[PDB]
Structure formats: C-alpha cells, structure tokens
Amino acid sequence: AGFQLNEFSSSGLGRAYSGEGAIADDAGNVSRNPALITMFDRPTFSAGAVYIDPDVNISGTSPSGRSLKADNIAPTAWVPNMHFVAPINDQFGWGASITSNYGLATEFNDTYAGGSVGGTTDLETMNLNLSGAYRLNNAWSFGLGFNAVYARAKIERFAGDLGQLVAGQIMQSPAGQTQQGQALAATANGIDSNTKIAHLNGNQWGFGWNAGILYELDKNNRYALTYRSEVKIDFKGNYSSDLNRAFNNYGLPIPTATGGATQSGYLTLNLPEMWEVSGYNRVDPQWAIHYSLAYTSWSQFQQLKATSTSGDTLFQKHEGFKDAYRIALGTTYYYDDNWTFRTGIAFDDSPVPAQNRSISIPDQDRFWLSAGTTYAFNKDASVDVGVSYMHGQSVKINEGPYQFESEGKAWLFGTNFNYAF
Ligand SMILES: CCCCCCCCCCCC[N+](C)(C)[O-]
C-alpha cells in the first residue's frame, strides 16, 4: 500500500499487517517468512485481490498566478495475489507466491500549471517468489527464497506555466531590456502547458532474495526474524522530449530536449531492504495477538537519474531518503468454528526528509486502521475479507518555484479464498 507493506493477502489487510512473519493461519505469510513453511502439514493455496481507492489532493497557487490545485492524483487499483504451500518431508517444504511490490501512481492533468514537477509517475511491480524451508527441530525453522521482480515504469513531466513564468523573469531581467532578450521571452511564452519536458518508460526484471527464521515457544506461541533483500532494477527504455534541441547545452536544469526523437534512456531504481521482527501469541483458544516492527532502507533510493548510451544525464530528479520504521499491533478473534475476527492499527514513519517531499511521490503514509473477518466452510476451505483505512498527512511542500499543500487517505478492500489439500 505505502512505503512499507505491500498487499499479499486479505487476512493481513484485516490486521493492519501485524505479526506478519509469525502468523500462519493461512497460505499468505509464507511470502512474508519462508520458514513459516514448516508451519503447514499439507498443500495449501490462497489467491485473491485487493482493491485500492485513494484520495490524494494537491493545493496552492503558482507565482504565475494560476492554480496549483489537483484532486485525486492517485488513481484506483486492483492487486492480485496467489500463494501455494506444501510439505516435502518433516523438515523440507516449499512454496511459491506471486504478489505485488513497491509502487505508486501519480497522474496530473497534462494541462496542470505544475507540469515541471507533476505529470505522470507510475511504478507497478509484480514479484514471483519461489522458496523452501528446513525445520531443524520442534522450535527452529529456517527458510530461504528467490524472487524475480517485474517492473513496468513510466515518467512524464511538462511545462505547466513554467514557460510564461520564465518569460516574466526576463522582462524583469536586464536582458529583457534588450532586443535579443525580449525576443527570447516570447519564445518561452509561447510554450503551451501540456508540452512534454520529460518522458521515460522501460520494463525489466529485478532479482532479490529474503531469509526467514522462526522460533516457537510451542504450537501456540511464536516469534519471527526476517530480512528482505533490495532489488536493483536496471531499466533499458527510451527517452523523449517535445522541447526543441536548441535548449540543450546551456546547462539549464536539463530535461534533455530531443524534439520528439526517441533516444535510449538508462535509469536504475532501488527496491529497499527489510528487517521485520514479529510475534504471534495465541493466549486464548478464541483470541490471539500479533505485532511487528519492520524497517525499510529507503536510504538506498536517493535519485531517479536517467542517462543515455553516452552516459550523460537525460533527466535528473533528487529524492534523498532515510530509513523508516513501522509498527503494528493486531488482535484476532476466533469466535466461531465458522468465523474469525481480526483488527489492527499500524504506524508507519515517513522515509522522506521534509525538504524533499515531491508531489509525484505523495507523502501520505502515516498509519493503518484495519478490520476483517474470515468465514470458513469446513476446516479445508474458507474465504477472507479484509479492509483498511489508510490516512496520510497535512504536509506543505516546496518544489521548484511553487508552493503546494498536499494530503492523502485511502480505503483498502480485499477478499481472499483459501484451500488445504
Ligand atoms: C522509467 C522509470 C520510471 C521510474 C519509476 C520509479 C519510481 C520509484 C518511486 C519510489 C517511491 C516509493 N513507492 C514505491 C512506495 O511509491
């Protein structure tokens, strides 16, 4: 959903992803902890989807006087997940999984006065995870998996009112007192709002791996320590710019003008490392508790550079992050033989220094408020229903020459089905 926990299941979506990595009622946490494999005695799959309907709005006014307002820049999305877990011995067991990874969808109206720093920022990743696990004894379990990350990316930026803004930076400038000068302002005054200053898109695979350990006080109380590797996406796409090649080589903040000519861009993205610790304690045949303390290294993601075969910067964007923490407490109610009742809150800390808040990268991941319930038909198959209320912040921003006043929120609704063999 945000900068820390993806959407791998509707059960978790119901417990605000608390104690993931220790819980194991269903075939979903395996993707969260390999070692949890030794927690299943028979083949068990689980498939599903999670729908996301956000509400992110930007606001403020351009020096150029035009409005910097934009409602719902975050579209809606559906996200599937399929899991499969099965034993091999009494010590070996494997499991596959296909879920989503880090991703954001920011989309402004090409005719927005904020083109320069707000156009289209889409990152959608699908992750296939293969993994096994070895159980040393009745208390220690270890798992290790491999996961190739597919990455569909796209970036575009425009010239909202920037052009007419610069035009007035000249008429006020001393060179605007000159023939060659005031003829150079009109040029930049012509430029319409939806002119592509930057356009990049590529599609390549990522490779990483995670490690999981487990430890149970018994069949009813456990704890987990997991680590997740960073994925290096080396993107081989194409670059464009509807700007005229004549702006080039003056050292101006460079979205490289190629006059619509498709070049060949190069960009590397870093998909952060994780080190989550979680604890599962079933204190009552009816009730149990889960809680996790994760940690992602967004420090690894510092820019969004884009080069050419030559290696020169085609487009340069700075982020400069910082590691963030996440905490989640959750309660599960095993009421009936047919029903369950989960609940949870979860606080995520922003991996973004105030001074680098962009509008393409919404800064609205402040906490989780979730609920859910599962109806089982007969010990071998059931259906999970989850829902989360995710809220952001009232944080002001300063990017380029504008003043925005962002915000955020979002509701998650998921529905999962499971089965044992
Ligand atoms: C053509 C390449 C486009 C690159 C798109 C990469 C965007 C990386 C943004 C990371 C922001 C964090 N996230 C995933 C949680 O939204």
# chains A, B, ... in the order shown; residues from 1 in each chain; ligands from 1
$ residues_near_ligand --ligand "ligand 1" --cutoff "7 Å" --atoms "only C-alpha atoms and all ligand atoms" --output "PyMOL selection string"
chain A and resi 2-3+102-104+121-123+153-155+200-202+235+237+267+269+304+361
$ select_by_dssp --residues "segment 103-204 of chain A" --states "alpha helix (DSSP H)" --output "MDAnalysis selection string"
chainID A and resid 162:170 179:190
$ write_last_selection --atoms "C-alpha atoms" --output "PDB file, in the first residue's frame"
ATOM      1  CA  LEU A 162       6.860  27.421 -16.288  1.00  0.00           C
ATOM      2  CA  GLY A 163       7.327  28.946 -19.741  1.00  0.00           C
ATOM      3  CA  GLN A 164       5.217  32.028 -19.132  1.00  0.00           C
ATOM      4  CA  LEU A 165       6.869  32.268 -15.751  1.00  0.00           C
ATOM      5  CA  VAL A 166      10.373  32.410 -17.189  1.00  0.00           C
ATOM      6  CA  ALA A 167       9.103  34.923 -19.738  1.00  0.00           C
ATOM      7  CA  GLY A 168       8.464  37.314 -16.867  1.00  0.00           C
ATOM      8  CA  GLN A 169      11.800  36.512 -15.262  1.00  0.00           C
ATOM      9  CA  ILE A 170      13.312  38.096 -18.354  1.00  0.00           C
ATOM     10  CA  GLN A 179      16.023  43.090 -28.445  1.00  0.00           C
ATOM     11  CA  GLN A 180      17.624  39.623 -28.283  1.00  0.00           C
ATOM     12  CA  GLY A 181      16.420  39.341 -24.723  1.00  0.00           C
ATOM     13  CA  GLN A 182      12.763  40.196 -25.075  1.00  0.00           C
ATOM     14  CA  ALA A 183      12.604  38.019 -28.183  1.00  0.00           C
ATOM     15  CA  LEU A 184      13.839  35.124 -26.044  1.00  0.00           C
ATOM     16  CA  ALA A 185      10.988  35.601 -23.550  1.00  0.00           C
ATOM     17  CA  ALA A 186       8.238  35.383 -26.150  1.00  0.00           C
ATOM     18  CA  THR A 187       9.816  32.107 -27.268  1.00  0.00           C
ATOM     19  CA  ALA A 188       9.335  30.704 -23.762  1.00  0.00           C
ATOM     20  CA  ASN A 189       5.972  32.455 -23.545  1.00  0.00           C
ATOM     21  CA  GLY A 190       4.615  30.511 -26.486  1.00  0.00           C
TER      22      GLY A 190
END
$ residues_around --residues "residue 212 of chain A" --least-positions-apart "2" --cutoff "6 Å" --atoms "only C-alpha atoms" --output "ChimeraX atom specification"
/A:33-35,142-143,226
$ write_last_selection --atoms "C-alpha atoms" --output "short mmCIF file (atom, residue, chain, number, x, y, z; two decimals), in the first residue's frame"
data_model
loop_
_atom_site.label_atom_id
_atom_site.label_comp_id
_atom_site.auth_asym_id
_atom_site.auth_seq_id
_atom_site.Cartn_x
_atom_site.Cartn_y
_atom_site.Cartn_z
CA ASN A 33 8.53 -15.51 6.02
CA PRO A 34 9.88 -18.66 4.23
CA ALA A 35 10.44 -20.56 7.47
CA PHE A 142 14.64 -21.61 8.52
CA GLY A 143 13.51 -20.60 5.09
CA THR A 226 13.16 -11.88 8.75
#
$ residues_around --residues "residue 113 of chain A" --least-positions-apart "4" --cutoff "12 Å" --atoms "only C-alpha atoms" --output "short mmCIF file (atom, residue, chain, number, x, y, z; two decimals) with N, CA and C atoms, in the first residue's frame"
data_model
loop_
_atom_site.label_atom_id
_atom_site.label_comp_id
_atom_site.auth_asym_id
_atom_site.auth_seq_id
_atom_site.Cartn_x
_atom_site.Cartn_y
_atom_site.Cartn_z
N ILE A 58 -3.57 17.91 -4.15
CA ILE A 58 -2.51 18.90 -4.03
C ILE A 58 -3.23 20.24 -4.07
N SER A 59 -2.63 21.27 -3.47
CA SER A 59 -3.23 22.61 -3.46
C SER A 59 -2.24 23.76 -3.23
N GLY A 60 -2.60 24.93 -3.73
CA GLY A 60 -1.75 26.10 -3.60
C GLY A 60 -1.83 26.94 -4.87
N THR A 61 -1.06 28.02 -4.94
CA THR A 61 -1.09 28.88 -6.12
C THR A 61 0.28 29.17 -6.72
N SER A 62 0.34 29.12 -8.05
CA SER A 62 1.57 29.37 -8.78
C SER A 62 1.92 30.83 -8.77
N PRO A 63 3.23 31.13 -8.76
CA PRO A 63 3.68 32.52 -8.76
C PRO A 63 3.04 33.15 -10.00
N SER A 64 2.92 32.35 -11.05
CA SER A 64 2.33 32.80 -12.29
C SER A 64 0.85 33.12 -12.08
N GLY A 65 0.40 33.04 -10.84
CA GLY A 65 -0.99 33.35 -10.53
C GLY A 65 -1.99 32.24 -10.76
N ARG A 66 -1.67 31.28 -11.62
CA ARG A 66 -2.59 30.17 -11.89
C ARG A 66 -2.67 29.20 -10.69
N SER A 67 -3.72 28.38 -10.68
CA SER A 67 -3.91 27.42 -9.59
C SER A 67 -3.05 26.17 -9.65
N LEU A 68 -2.51 25.80 -8.49
CA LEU A 68 -1.70 24.60 -8.37
C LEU A 68 -2.55 23.49 -7.77
N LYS A 69 -3.87 23.63 -7.85
CA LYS A 69 -4.81 22.64 -7.30
C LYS A 69 -4.96 21.42 -8.19
N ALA A 70 -5.15 20.26 -7.57
CA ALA A 70 -5.34 19.00 -8.29
C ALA A 70 -5.88 17.96 -7.31
N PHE A 108 -1.31 13.72 -13.04
CA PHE A 108 -1.91 15.05 -13.14
C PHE A 108 -2.41 15.30 -14.55
N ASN A 109 -3.19 16.36 -14.69
CA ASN A 109 -3.73 16.73 -15.99
C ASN A 109 -2.60 17.42 -16.76
N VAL A 117 7.06 19.56 -12.22
CA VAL A 117 7.24 18.60 -11.13
C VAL A 117 6.04 17.72 -10.88
N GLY A 118 5.12 17.68 -11.85
CA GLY A 118 3.93 16.86 -11.69
C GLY A 118 3.32 16.50 -13.04
N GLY A 119 3.44 15.24 -13.43
CA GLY A 119 2.88 14.83 -14.70
C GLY A 119 2.31 13.45 -14.57
N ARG A 157 6.84 14.63 -17.61
CA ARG A 157 6.74 15.91 -16.94
C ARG A 157 6.52 16.92 -18.03
N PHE A 158 5.86 18.01 -17.68
CA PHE A 158 5.53 19.01 -18.67
C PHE A 158 5.99 20.40 -18.32
N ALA A 159 5.47 21.35 -19.08
CA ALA A 159 5.75 22.76 -18.89
C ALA A 159 4.40 23.39 -18.58
N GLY A 160 3.98 23.31 -17.32
CA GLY A 160 2.71 23.91 -16.97
C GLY A 160 2.79 25.38 -17.32
N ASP A 161 2.95 26.23 -16.32
CA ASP A 161 3.05 27.65 -16.58
C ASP A 161 4.52 28.09 -16.58
N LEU A 162 5.42 27.14 -16.33
CA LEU A 162 6.86 27.42 -16.29
C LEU A 162 7.31 28.39 -17.38
N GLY A 163 6.94 28.10 -18.62
CA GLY A 163 7.33 28.95 -19.74
C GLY A 163 6.93 30.41 -19.60
N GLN A 164 5.67 30.66 -19.27
CA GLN A 164 5.22 32.03 -19.13
C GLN A 164 5.77 32.63 -17.88
N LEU A 165 6.29 31.78 -17.00
CA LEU A 165 6.87 32.27 -15.75
C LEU A 165 8.24 32.83 -16.06
N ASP A 192 2.99 25.86 -24.64
CA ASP A 192 1.70 25.53 -24.04
C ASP A 192 1.97 24.69 -22.78
N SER A 193 0.94 24.45 -21.97
CA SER A 193 1.09 23.69 -20.73
C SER A 193 1.42 22.19 -20.85
N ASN A 194 0.72 21.48 -21.73
CA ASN A 194 0.95 20.05 -21.89
C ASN A 194 2.05 19.65 -22.87
N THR A 195 3.18 20.37 -22.84
CA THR A 195 4.32 20.06 -23.70
C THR A 195 5.24 19.15 -22.88
N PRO A 401 9.49 26.28 -8.21
CA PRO A 401 9.12 27.63 -7.81
C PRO A 401 7.70 27.68 -7.31
N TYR A 402 7.16 26.55 -6.90
CA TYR A 402 5.78 26.55 -6.42
C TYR A 402 5.61 26.13 -4.98
N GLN A 403 4.42 26.44 -4.46
CA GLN A 403 4.05 26.11 -3.10
C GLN A 403 2.78 25.29 -3.16
N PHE A 404 2.92 24.01 -2.81
CA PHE A 404 1.78 23.12 -2.79
C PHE A 404 1.49 22.81 -1.31
#
$ atom_distance --atom1 "atom CA of residue 210 of chain A" --atom2 "atom CA of residue 148 of chain A"
11.5 Å
$ closest_atom_pairs --of "segment 92-173 of chain A" --to "segment 26-32 of chain A" --cutoff "10 Å" --atoms "only C-alpha atoms" --output "JSON lines"
{"residue": "A:94", "atom": "CA", "partner": "A:30", "partner_atom": "CA", "distance": 9.4}
{"residue": "A:95", "atom": "CA", "partner": "A:30", "partner_atom": "CA", "distance": 7.3}
{"residue": "A:96", "atom": "CA", "partner": "A:31", "partner_atom": "CA", "distance": 8.0}
{"residue": "A:97", "atom": "CA", "partner": "A:31", "partner_atom": "CA", "distance": 6.4}
{"residue": "A:98", "atom": "CA", "partner": "A:31", "partner_atom": "CA", "distance": 8.5}
{"residue": "A:99", "atom": "CA", "partner": "A:31", "partner_atom": "CA", "distance": 8.4}
{"residue": "A:128", "atom": "CA", "partner": "A:31", "partner_atom": "CA", "distance": 9.7}
{"residue": "A:129", "atom": "CA", "partner": "A:31", "partner_atom": "CA", "distance": 7.2}
{"residue": "A:130", "atom": "CA", "partner": "A:31", "partner_atom": "CA", "distance": 8.9}
{"residue": "A:131", "atom": "CA", "partner": "A:31", "partner_atom": "CA", "distance": 8.6}
{"residue": "A:132", "atom": "CA", "partner": "A:30", "partner_atom": "CA", "distance": 9.5}
{"residue": "A:133", "atom": "CA", "partner": "A:30", "partner_atom": "CA", "distance": 9.9}
{"residue": "A:143", "atom": "CA", "partner": "A:30", "partner_atom": "CA", "distance": 9.2}
{"residue": "A:145", "atom": "CA", "partner": "A:31", "partner_atom": "CA", "distance": 8.8}
{"residue": "A:147", "atom": "CA", "partner": "A:31", "partner_atom": "CA", "distance": 9.9}
$ residues_around --residues "residue 305 of chain A" --least-positions-apart "3" --cutoff "8 Å" --atoms "only C-alpha atoms" --output "list in words"
residues 266, 267, 268, 313, 314, 315, 316, 317 and 318 of chain A
$ write_last_selection --atoms "N, CA and C atoms" --output "tab-separated table (two decimals), in the first residue's frame"
chain	number	residue	atom	x	y	z
A	266	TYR	N	18.46	5.44	-19.64
A	266	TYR	CA	19.01	4.49	-18.68
A	266	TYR	C	18.79	5.00	-17.27
A	267	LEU	N	18.13	4.17	-16.47
A	267	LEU	CA	17.81	4.52	-15.09
A	267	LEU	C	17.84	3.30	-14.17
A	268	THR	N	18.38	3.49	-12.98
A	268	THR	CA	18.46	2.41	-12.03
A	268	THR	C	17.61	2.82	-10.83
A	313	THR	N	23.40	12.78	-18.34
A	313	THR	CA	22.10	12.81	-17.68
A	313	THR	C	21.05	13.27	-18.67
A	314	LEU	N	20.00	12.48	-18.82
A	314	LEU	CA	18.91	12.83	-19.72
A	314	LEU	C	17.87	13.61	-18.92
A	315	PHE	N	17.68	13.20	-17.66
A	315	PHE	CA	16.72	13.79	-16.73
A	315	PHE	C	17.23	13.50	-15.31
A	316	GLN	N	17.26	14.52	-14.46
A	316	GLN	CA	17.76	14.33	-13.11
A	316	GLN	C	16.76	14.73	-12.01
A	317	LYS	N	16.41	13.77	-11.16
A	317	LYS	CA	15.45	14.02	-10.08
A	317	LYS	C	16.05	13.54	-8.78
A	318	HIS	N	16.01	14.39	-7.76
A	318	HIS	CA	16.56	14.02	-6.46
A	318	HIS	C	15.47	13.64	-5.46
$ residues_around --residues "residue 57 of chain A" --least-positions-apart "2" --cutoff "8 Å" --atoms "only C-alpha atoms" --output "list in words"
residues 55, 59, 69, 70, 71, 72, 73, 406, 407 and 408 of chain A
$ write_last_selection --atoms "N, CA, C and O atoms" --output "mmCIF file, in the first residue's frame"
data_model
loop_
_atom_site.group_PDB
_atom_site.id
_atom_site.type_symbol
_atom_site.label_atom_id
_atom_site.label_comp_id
_atom_site.auth_asym_id
_atom_site.auth_seq_id
_atom_site.Cartn_x
_atom_site.Cartn_y
_atom_site.Cartn_z
ATOM 1 N N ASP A 55 -7.308 8.877 -2.173
ATOM 2 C CA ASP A 55 -7.805 10.243 -2.179
ATOM 3 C C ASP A 55 -6.625 11.169 -1.845
ATOM 4 O O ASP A 55 -6.399 11.514 -0.679
ATOM 5 N N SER A 59 -2.629 21.266 -3.471
ATOM 6 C CA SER A 59 -3.232 22.610 -3.457
ATOM 7 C C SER A 59 -2.238 23.755 -3.227
ATOM 8 O O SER A 59 -1.183 23.584 -2.601
ATOM 9 N N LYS A 69 -3.875 23.633 -7.845
ATOM 10 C CA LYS A 69 -4.810 22.641 -7.297
ATOM 11 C C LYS A 69 -4.960 21.420 -8.192
ATOM 12 O O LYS A 69 -4.902 21.528 -9.418
ATOM 13 N N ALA A 70 -5.151 20.258 -7.568
ATOM 14 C CA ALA A 70 -5.338 18.998 -8.288
ATOM 15 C C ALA A 70 -5.878 17.958 -7.308
ATOM 16 O O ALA A 70 -5.228 17.624 -6.317
ATOM 17 N N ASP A 71 -7.083 17.467 -7.593
ATOM 18 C CA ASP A 71 -7.754 16.484 -6.739
ATOM 19 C C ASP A 71 -7.595 15.046 -7.212
ATOM 20 O O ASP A 71 -7.651 14.757 -8.400
ATOM 21 N N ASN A 72 -7.417 14.139 -6.266
ATOM 22 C CA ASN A 72 -7.299 12.734 -6.590
ATOM 23 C C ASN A 72 -6.229 12.482 -7.655
ATOM 24 O O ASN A 72 -6.543 12.093 -8.778
ATOM 25 N N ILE A 73 -4.964 12.691 -7.310
ATOM 26 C CA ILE A 73 -3.906 12.457 -8.279
ATOM 27 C C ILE A 73 -3.498 10.980 -8.253
ATOM 28 O O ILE A 73 -2.759 10.507 -9.129
ATOM 29 N N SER A 406 -0.091 19.469 0.018
ATOM 30 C CA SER A 406 -0.629 18.116 -0.210
ATOM 31 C C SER A 406 -1.503 17.506 0.883
ATOM 32 O O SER A 406 -1.847 18.157 1.860
ATOM 33 N N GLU A 407 -1.874 16.245 0.674
ATOM 34 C CA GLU A 407 -2.677 15.478 1.635
ATOM 35 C C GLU A 407 -2.878 14.031 1.153
ATOM 36 O O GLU A 407 -2.340 13.628 0.113
ATOM 37 N N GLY A 408 -3.649 13.243 1.904
ATOM 38 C CA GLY A 408 -3.887 11.870 1.486
ATOM 39 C C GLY A 408 -4.773 11.051 2.385
ATOM 40 O O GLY A 408 -5.072 11.433 3.505
#
$ select_by_dssp --residues "segment 120-200 of chain A" --states "strand (DSSP E)" --output "mmCIF file with C-alpha atoms, in the first residue's frame"
data_model
loop_
_atom_site.group_PDB
_atom_site.id
_atom_site.type_symbol
_atom_site.label_atom_id
_atom_site.label_comp_id
_atom_site.auth_asym_id
_atom_site.auth_seq_id
_atom_site.Cartn_x
_atom_site.Cartn_y
_atom_site.Cartn_z
ATOM 1 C CA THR A 120 2.810 11.055 -14.531
ATOM 2 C CA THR A 121 4.825 8.887 -12.080
ATOM 3 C CA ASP A 122 3.828 5.207 -12.379
ATOM 4 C CA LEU A 123 5.691 2.239 -10.883
ATOM 5 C CA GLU A 124 3.881 -1.123 -10.907
ATOM 6 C CA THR A 125 5.757 -4.259 -9.854
ATOM 7 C CA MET A 126 4.829 -7.924 -9.879
ATOM 8 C CA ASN A 127 7.008 -10.299 -7.825
ATOM 9 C CA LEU A 128 7.289 -14.064 -8.301
ATOM 10 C CA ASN A 129 8.706 -15.731 -5.193
ATOM 11 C CA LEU A 130 9.976 -19.291 -5.045
ATOM 12 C CA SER A 131 11.156 -20.661 -1.727
ATOM 13 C CA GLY A 132 11.682 -23.637 0.532
ATOM 14 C CA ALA A 133 12.302 -24.198 4.234
ATOM 15 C CA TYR A 134 14.143 -26.550 6.614
ATOM 16 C CA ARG A 135 12.919 -27.420 10.102
ATOM 17 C CA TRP A 140 13.761 -23.757 14.950
ATOM 18 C CA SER A 141 12.781 -23.336 11.321
ATOM 19 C CA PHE A 142 14.645 -21.610 8.517
ATOM 20 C CA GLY A 143 13.508 -20.597 5.091
ATOM 21 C CA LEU A 144 15.126 -19.043 2.062
ATOM 22 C CA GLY A 145 13.565 -17.878 -1.182
ATOM 23 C CA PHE A 146 14.346 -16.313 -4.550
ATOM 24 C CA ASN A 147 12.151 -13.679 -6.183
ATOM 25 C CA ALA A 148 12.345 -12.086 -9.636
ATOM 26 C CA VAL A 149 10.729 -8.638 -9.809
ATOM 27 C CA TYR A 150 8.988 -7.406 -12.958
ATOM 28 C CA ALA A 151 8.880 -3.629 -13.295
ATOM 29 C CA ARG A 152 6.563 -1.615 -15.570
ATOM 30 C CA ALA A 153 7.655 2.049 -15.287
ATOM 31 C CA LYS A 154 6.776 5.426 -16.814
ATOM 32 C CA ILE A 155 7.586 9.086 -16.179
ATOM 33 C CA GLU A 156 6.471 12.267 -17.932
ATOM 34 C CA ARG A 157 6.741 15.911 -16.935
ATOM 35 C CA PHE A 158 5.528 19.009 -18.671
ATOM 36 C CA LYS A 196 6.462 17.044 -22.721
ATOM 37 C CA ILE A 197 9.640 18.129 -20.990
ATOM 38 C CA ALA A 198 10.414 14.614 -19.798
ATOM 39 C CA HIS A 199 9.180 11.185 -20.880
ATOM 40 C CA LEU A 200 10.683 7.863 -19.841
#
$ residues_around --residues "segment 337-354 of chain A" --least-positions-apart "2" --cutoff "7 Å" --atoms "only C-alpha atoms" --output "ChimeraX atom specification"
/A:14-16,298,321-335,356-357,365-377
$ write_last_selection --atoms "N, CA, C and O atoms" --output "tab-separated table (two decimals), in the first residue's frame"
chain	number	residue	atom	x	y	z
A	14	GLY	N	-6.57	-7.21	6.99
A	14	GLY	CA	-7.53	-7.06	8.06
A	14	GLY	C	-6.88	-6.81	9.41
A	14	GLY	O	-7.52	-6.29	10.32
A	15	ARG	N	-5.62	-7.19	9.54
A	15	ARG	CA	-4.91	-6.99	10.80
A	15	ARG	C	-3.86	-5.90	10.70
A	15	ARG	O	-2.92	-5.85	11.48
A	16	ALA	N	-4.04	-5.01	9.73
A	16	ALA	CA	-3.10	-3.92	9.53
A	16	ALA	C	-1.68	-4.49	9.54
A	16	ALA	O	-0.76	-3.89	10.12
A	298	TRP	N	15.04	3.06	2.82
A	298	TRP	CA	14.78	3.94	1.69
A	298	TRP	C	15.95	4.86	1.45
A	298	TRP	O	15.92	5.68	0.52
A	321	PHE	N	16.35	9.83	0.55
A	321	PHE	CA	15.52	9.27	1.61
A	321	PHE	C	16.23	8.98	2.94
A	321	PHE	O	17.37	9.41	3.18
A	322	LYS	N	15.54	8.24	3.79
A	322	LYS	CA	16.01	7.87	5.11
A	322	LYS	C	15.25	6.62	5.55
A	322	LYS	O	14.07	6.48	5.23
A	323	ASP	N	15.91	5.73	6.28
A	323	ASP	CA	15.26	4.52	6.75
A	323	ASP	C	14.03	4.91	7.55
A	323	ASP	O	14.03	5.92	8.24
A	324	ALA	N	12.98	4.09	7.45
A	324	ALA	CA	11.73	4.32	8.17
A	324	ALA	C	11.37	3.10	8.98
A	324	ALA	O	11.79	1.98	8.66
A	325	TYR	N	10.61	3.30	10.05
A	325	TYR	CA	10.17	2.20	10.91
A	325	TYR	C	8.67	1.98	10.73
A	325	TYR	O	7.95	2.83	10.19
A	326	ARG	N	8.21	0.81	11.16
A	326	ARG	CA	6.79	0.53	11.09
A	326	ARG	C	6.46	-0.38	12.23
A	326	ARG	O	7.20	-1.31	12.53
A	327	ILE	N	5.33	-0.10	12.86
A	327	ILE	CA	4.90	-0.89	13.98
A	327	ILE	C	3.42	-1.22	13.80
A	327	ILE	O	2.65	-0.40	13.31
A	328	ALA	N	3.02	-2.42	14.20
A	328	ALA	CA	1.64	-2.85	14.06
A	328	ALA	C	1.18	-3.84	15.13
A	328	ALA	O	1.76	-4.90	15.29
A	329	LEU	N	0.12	-3.48	15.85
A	329	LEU	CA	-0.46	-4.38	16.85
A	329	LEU	C	-1.79	-4.88	16.28
A	329	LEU	O	-2.56	-4.11	15.69
A	330	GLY	N	-2.06	-6.18	16.42
A	330	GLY	CA	-3.30	-6.72	15.89
A	330	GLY	C	-3.89	-7.81	16.75
A	330	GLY	O	-3.17	-8.55	17.41
A	331	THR	N	-5.21	-7.89	16.73
A	331	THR	CA	-5.97	-8.87	17.51
A	331	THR	C	-6.84	-9.74	16.62
A	331	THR	O	-7.53	-9.23	15.74
A	332	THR	N	-6.82	-11.06	16.84
A	332	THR	CA	-7.66	-11.97	16.07
A	332	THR	C	-8.65	-12.66	16.99
A	332	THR	O	-8.28	-13.18	18.04
A	333	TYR	N	-9.91	-12.68	16.57
A	333	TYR	CA	-10.99	-13.28	17.34
A	333	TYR	C	-11.52	-14.56	16.69
A	333	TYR	O	-12.30	-14.50	15.74
A	334	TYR	N	-11.11	-15.71	17.21
A	334	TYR	CA	-11.57	-16.98	16.66
A	334	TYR	C	-12.89	-17.40	17.29
A	334	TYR	O	-13.05	-18.51	17.82
A	335	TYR	N	-13.84	-16.48	17.23
A	335	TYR	CA	-15.18	-16.64	17.77
A	335	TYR	C	-15.80	-18.02	17.60
A	335	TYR	O	-15.83	-18.85	18.52
A	356	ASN	N	12.45	17.23	0.89
A	356	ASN	CA	12.50	16.51	-0.39
A	356	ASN	C	11.13	15.95	-0.82
A	356	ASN	O	11.04	15.15	-1.76
A	357	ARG	N	10.07	16.39	-0.13
A	357	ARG	CA	8.70	15.97	-0.45
A	357	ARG	C	8.39	16.46	-1.84
A	357	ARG	O	8.43	17.65	-2.12
A	365	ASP	N	1.81	8.37	4.13
A	365	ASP	CA	1.80	7.05	4.74
A	365	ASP	C	2.02	7.19	6.23
A	365	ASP	O	3.10	6.89	6.74
A	366	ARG	N	1.00	7.64	6.95
A	366	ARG	CA	1.19	7.82	8.37
A	366	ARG	C	0.68	6.72	9.28
A	366	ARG	O	1.23	6.52	10.37
A	367	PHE	N	-0.34	5.98	8.88
A	367	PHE	CA	-0.82	4.92	9.76
A	367	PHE	C	-1.94	4.08	9.22
A	367	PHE	O	-2.66	4.46	8.30
A	368	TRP	N	-2.11	2.93	9.87
A	368	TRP	CA	-3.13	1.98	9.49
A	368	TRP	C	-4.20	1.78	10.54
A	368	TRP	O	-3.93	1.77	11.75
A	369	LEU	N	-5.42	1.63	10.05
A	369	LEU	CA	-6.60	1.38	10.86
A	369	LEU	C	-7.31	0.32	10.03
A	369	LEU	O	-7.80	0.61	8.94
A	370	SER	N	-7.34	-0.92	10.54
A	370	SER	CA	-7.93	-2.02	9.78
A	370	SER	C	-8.84	-2.99	10.53
A	370	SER	O	-8.83	-3.07	11.76
A	371	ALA	N	-9.62	-3.75	9.76
A	371	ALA	CA	-10.57	-4.72	10.28
A	371	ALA	C	-10.72	-5.85	9.27
A	371	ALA	O	-10.29	-5.73	8.13
A	372	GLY	N	-11.33	-6.94	9.70
A	372	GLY	CA	-11.51	-8.06	8.81
A	372	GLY	C	-12.19	-9.22	9.51
A	372	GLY	O	-12.29	-9.24	10.75
A	373	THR	N	-12.66	-10.18	8.73
A	373	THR	CA	-13.34	-11.37	9.24
A	373	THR	C	-13.25	-12.50	8.22
A	373	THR	O	-13.34	-12.26	7.02
A	374	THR	N	-13.10	-13.72	8.70
A	374	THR	CA	-12.98	-14.86	7.81
A	374	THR	C	-14.02	-15.90	8.10
A	374	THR	O	-14.17	-16.31	9.24
A	375	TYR	N	-14.73	-16.33	7.06
A	375	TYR	CA	-15.72	-17.38	7.24
A	375	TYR	C	-15.21	-18.67	6.63
A	375	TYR	O	-14.92	-18.75	5.44
A	376	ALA	N	-15.10	-19.70	7.46
A	376	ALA	CA	-14.64	-20.99	6.98
A	376	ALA	C	-15.86	-21.89	6.74
A	376	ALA	O	-16.85	-21.83	7.47
A	377	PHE	N	-15.78	-22.73	5.72
A	377	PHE	CA	-16.87	-23.62	5.39
A	377	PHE	C	-16.70	-24.95	6.12
A	377	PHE	O	-17.66	-25.47	6.69
$ atom_distance --atom1 "atom CA of residue 191 of chain A" --atom2 "atom CA of residue 255 of chain A"
14.9 Å
